[PDB]
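Take a look at the structure below.
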Amino acid sequence: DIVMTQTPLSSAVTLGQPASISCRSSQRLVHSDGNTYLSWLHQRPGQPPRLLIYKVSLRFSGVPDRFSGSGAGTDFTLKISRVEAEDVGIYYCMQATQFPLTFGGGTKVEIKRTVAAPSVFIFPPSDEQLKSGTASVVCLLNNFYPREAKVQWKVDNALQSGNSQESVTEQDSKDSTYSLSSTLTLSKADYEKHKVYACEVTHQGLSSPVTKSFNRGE
Amino acid sequence: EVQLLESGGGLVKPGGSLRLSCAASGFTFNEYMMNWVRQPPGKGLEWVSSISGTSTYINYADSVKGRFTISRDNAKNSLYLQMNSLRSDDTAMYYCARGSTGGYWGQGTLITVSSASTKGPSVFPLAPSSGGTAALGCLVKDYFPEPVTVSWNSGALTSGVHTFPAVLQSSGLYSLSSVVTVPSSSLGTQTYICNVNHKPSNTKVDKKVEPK
């Protein structure tokens, strides 16, 4: 069982700046036939892996020339000459020299772009949902950087705790931004006990936090 | 040109069994070794099983030894994985991949090992307010298992679409939101329909999203 140790775990790079990912094997990775069967894979979130490099330094067909593979024995390196927006995602080294086949734990390549303020939107629950005895209020932060954003739910200004879930998108492959959804879950009865519903957003691109709110019915 | 398509996935009770099939086209099936690889949710890639062209060299991961079996019908251009005595940790996205290199990967098929019952989604409109950019969406709420596919205007609208990762609720059911951003002055000019498909429950829903 050959162990592959992938470093770093995360890597933030400015667009057009070089990047390097390292993979270290527990034992020498040379096969009986004399070749070294190490591969580098890229995976955009919720997509299948694509092969970049095979046998240490050979570019697979269709792979841009900015990707280069290097190393021998235990130490191996993927290098990106200039990172592009599309290079975001997780990279894996894979060994296929000895079974069991093994992979590194992964490397997130993050793009470092200018600060972007979220666009914020608030959606009241649909009438069809309230008839089912539940109320979901959704708050959308769209196309913001960096990833660190705080969303605070207020109901007639009363601060809400433990009745909300957040989902964040992966970094966009074009404009390198994030998006975030917050969902406040209430009973129809509790939802009708209050009038003003607001989500308050705190982000590095807003000097003062931004509040979007609606009046129930009105 | 190269096509790998996985099937046989879905919900299965702990101890239950599944048979995955990977159909292949656009290369000589019998000339290559075929790999099963899997991805537990939010975790990295794990090798599972490998089979030579001749079906002579078969290898299994320690995790699946005794429970799983790999076979290939070179005639039918099909790779198989019989999975028995399934456990909650076997829950993952299962890919077939070609050669040692890993040069070609299928779309992937999701396996959920849970005693919980299939439940279809409720789809609710997220209506745009009233500007600059304007947002509208669909809330896809209380389904199991994953996955759901969401499209807009049957694949016609792609510009400005974010389908968020699903969140598991205290109910043990999933909820996700799909949003599209459009220029504010383009509202009531275009029609906006979110197409939700949950195959595990044979549920297809087309919801029209209109200004409130």
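Listed in order, the protein sequences are those of chains B and A. The letter at position 120 of the first sequence is residue 120 when you use the entry's author numbering, and the numbering goes up by one with no holes. For the second sequence, the residue numbers in the entry's author numbering are 1 to 130, 135 to 216. Note that the Cβ used here is the ideal one computed from N, Cα and C, for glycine as well.
message = For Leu38 (chain B) and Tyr94 (chain A), I'd like the C-alpha separation in whole angstroms.
response = Here the C-alpha atom of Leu38 (chain B) lies approximately 22 angstroms from the C-alpha atom of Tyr94 (chain A).
query = Hey, out of B:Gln204, B:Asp127, B:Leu130, B:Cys199, whose CA is closest to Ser213 (chain B)'s CA?
reply = That would be B:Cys199, whose Cα lies nearest to the Cα of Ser213 (chain B).
task = Under 6 angstroms Cβ to Cβ from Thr69 (chain A), same chain only, skipping five residues before and after it: list those, please.
result = Apart from the 5 residues on each side of it in sequence, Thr69 (chain A) sits with its Cβ closer than 6 angstroms to the Cβ of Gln82 in its chain, given in chain order.
message = Quick check on this structure: which residue in A:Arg38, A:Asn201, A:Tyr196 has the alpha carbon closest to the alpha carbon of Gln107 (chain A)?
response = A:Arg38
query = For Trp105 (chain A), which residues in chain B fall below 8 angstroms Cβ to Cβ?
reply = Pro48, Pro49, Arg50, listed in chain order.
ask   = For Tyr91 (chain B), which beta-bridge partners are listed by DSSP?
value = B:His42, B:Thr107
query = First and last residue of the beta strand (DSSP E) that includes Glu46 (chain A)?
reply = 46-51
query = What in chain A is Cβ-close to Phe67 (chain B), meaning under 7 angstroms?
reply = The premise fails here: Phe67 (chain B) is roughly 15 angstroms from chain A at the closest Cβ pair, so nothing lies under 7 angstroms.
message = For a cutoff of 8 angstroms on Cβ pairs, would you count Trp47 (chain A) as touching chain B?
response = yes
key: Within-8 angstroms CB hit, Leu161 (chain A) to chain B   = no
inquiry  = What would DSSP say about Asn35 (chain B), mapped onto helix, strand or coil?
reply    = Coil.
inquiry  = Between B:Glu166, B:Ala117, B:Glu110, B:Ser11, which has its C-alpha nearest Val137 (chain B)'s C-alpha?
reply    = B:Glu166
message = Taking 8 angstroms as the threshold (beta carbon to beta carbon), is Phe60 (chain B) in contact with chain A?
response = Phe60 (chain B) belongs to the set of residues whose beta carbon lies under 8 angstroms from a beta carbon in chain A.
task = Determine, using beta-carbon pairs with one atom in the region 116-130 of chain A and one in the region 158-169 of chain A, whether at least three such pairs fall under 8 angstroms.
result = no
is_contact[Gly16 (chain A), chain B] using C-beta, thresh 8 angstroms = no
ask   = Starting from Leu184 (chain B) and walking both ways along the beta strand (DSSP E), at which residues does that stretch end?
value = 178-187
query = Bridge partners of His203 (chain B), per DSSP?
reply = B:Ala149
ask   = Mind checking if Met94 (chain B) is an interface residue toward chain A, Cβ cutoff 8 angstroms exclusive?
value = yes
key: For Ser167 (chain B), three-class secondary structure by DSSP   = strand
message = Following a CB-centred definition, is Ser181 (chain B) positioned closer than 7 angstroms to any heavy atom of the ligand SAH?
response = For the structure depicted, the ligand SAH is absent and the ligand set is empty, with no information on it obtainable.
message = In the DSSP output, which residue or residues are listed as bridge partners for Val155 (chain B)?
response = B:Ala158, B:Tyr197
inquiry  = Can you give me the C-alpha to C-alpha distance between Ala97 (chain A) and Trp47 (chain A), rounded to a whole angstrom?
reply    = 10 angstroms
Own chain, CB closer than 7 angstroms to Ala23 (chain A), minus 5 neighbours either side, in chain order = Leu5, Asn77, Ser78
task = Reducing DSSP to helix, strand and coil, say where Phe29 (chain A) ends up.
result = Note: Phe29 (chain A) maps to helix in three-state DSSP.
query = If the cut is a Cβ gap below 8 angstroms, which residues of chain A does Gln165 (chain B) touch?
reply = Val171, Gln173, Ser179
request  = Name the two residues that bound the continuous beta strand (DSSP E) containing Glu6 (chain A).
outcome  = 3-7
ask   = Is the CB of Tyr95 (chain A) under 8 angstroms away from at least one CB in chain B?
value = When Cβ-Cβ separations below 8 angstroms define contact, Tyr95 (chain A) makes contact with chain B.
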